[PDB]
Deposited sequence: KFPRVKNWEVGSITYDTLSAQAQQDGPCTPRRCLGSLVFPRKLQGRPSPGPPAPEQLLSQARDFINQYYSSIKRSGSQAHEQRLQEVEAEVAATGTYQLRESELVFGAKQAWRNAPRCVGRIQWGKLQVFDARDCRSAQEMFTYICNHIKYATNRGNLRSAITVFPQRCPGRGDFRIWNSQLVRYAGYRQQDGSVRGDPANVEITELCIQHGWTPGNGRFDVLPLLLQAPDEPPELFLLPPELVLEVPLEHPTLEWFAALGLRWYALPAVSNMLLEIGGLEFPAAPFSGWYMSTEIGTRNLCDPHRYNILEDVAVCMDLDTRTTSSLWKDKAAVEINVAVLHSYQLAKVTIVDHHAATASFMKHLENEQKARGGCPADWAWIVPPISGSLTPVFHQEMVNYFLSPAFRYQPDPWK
């Protein structure tokens, strides 16, 4: 009945009683595990549950106000086929959507999320204004603050609001003529689209891409992000003087803008959220991934390492220094940053907090474990249970 979860490092044991209530169903079956894979009555049933979650959170479950709310939403659905949330409910939902994200190692700060109600957004122009205000509040001159901006929900009888970009700030990727790619190869598709929509492209490796904001039943409009608002950090190493001369850099604000927020059967196709970076995400993944910037060999060559064979561990050595550079650079530039050790350690605390709160915590082991030095972090030795709880952040198909 209750999955036994053990920590092998310490030997501590707990039981996940929260998974037995997973609203949705995962891809795994008793026949095979696919955990490593990246990817009106029904509405009323999801709505009732959410409202119940809300009233339970303010210790008012079963009250008259609780019953009224349940009845009021059931009435809106019968009359309009859908319903609207109250400000306090959206705030509550958005927070839970983060708390329930299984692949996020930074959930310890879930409760201090700042939600911005942008359900009154009239068009692409206003949408752009909202995104700019979000970036300003979030960046905060380098002292990053977690936040999310919720745009008008999906509704029958019109299209939805959508931010074509995968993140508010992304570097362009130009298909160089010879097969190669200058800039970020992961952004090749979105870059070519920005160009198709009348954008004058650049020729650099770190060109900040414009935003392709789509309004309901309207073609995507192009908007350029004011340079003074997109904070960036020049990369340098504390002892490798030549590093700075590599011209590497990275933006300060990580902000996913292509995921769908779901709250009580309601879907918000546009709701950009952001926090702060964990060193590995930049130094190891974005900079060292073979299908990304792939700078590992270049740096190793500059470190004068024996790259003639794998046994020397030049890749491991190079990656470490690259990560050191990112941490050193971000701290020097007074920009919020967190190393994988501190991050994973805080997540272990989040697990303890959650076990006492709900009796479990949905977590995807594969994503919680950092890309480098896995077994060196406390989460590696921690067994985890993965399941889908609502509210939640979901992946959605590209608008094109």
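Residues of the deposited sequence that lack C-alpha coordinates fall in the stretches 40-53, 415.
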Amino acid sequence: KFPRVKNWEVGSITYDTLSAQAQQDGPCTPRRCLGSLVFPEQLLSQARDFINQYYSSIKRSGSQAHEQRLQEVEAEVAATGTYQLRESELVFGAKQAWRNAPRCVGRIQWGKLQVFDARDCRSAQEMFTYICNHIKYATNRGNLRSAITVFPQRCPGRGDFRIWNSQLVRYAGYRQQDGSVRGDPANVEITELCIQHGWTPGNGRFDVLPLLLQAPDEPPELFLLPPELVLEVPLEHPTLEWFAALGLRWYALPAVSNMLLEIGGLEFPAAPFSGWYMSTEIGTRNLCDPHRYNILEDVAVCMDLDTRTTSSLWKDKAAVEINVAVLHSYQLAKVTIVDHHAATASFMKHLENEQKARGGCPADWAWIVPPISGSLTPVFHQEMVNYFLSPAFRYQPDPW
From here on, numbers count along this sequence of modelled residues.
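Heads up, when I say rigid core I mean the largest set of C-alphas that superpose within 1.5 Å between the two forms.
The stretch that moves more in 7 other deposited structures of this protein, judged by CA deviation after a rigid core superposition and choosing between 175-183 and 104-112, is 175-183. Take 154-162 and 266-274, fit the other structures onto the shown form by the rigid core, and average the C-alpha distances in 7 other deposited structures of this protein: the farther stretch is 154-162. Stretches compared: 97-105, 233-241. Higher mean C-alpha B-factor in the entry: 233-241. When the mean C-alpha temperature factors of 306-314 and 271-279 are read from the deposited coordinates, 306-314 comes out higher. In the deposited coordinates, the residue among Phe92, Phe151, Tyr137, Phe206 with the greatest CA B-factor is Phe206. For the set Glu321, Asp117, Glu218, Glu262, the maximum C-alpha B-factor listed in the entry falls on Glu218. Per-chain ranking of the deposited C-alpha B factor places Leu389 in the lowest third. Ranked by C-alpha B-factor against the other modelled residues of its chain, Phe223 falls in the highest third. Compared with the other modelled residues of the chain, the Cα B-factor recorded for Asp25 ranks in the highest third. When the CA B factors of the chain's modelled residues are split into thirds, the value for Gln176 lands in the highest one. Placement of the Cα temperature factor of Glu352 within the chain: middle third of the modelled residues, per the deposited record.
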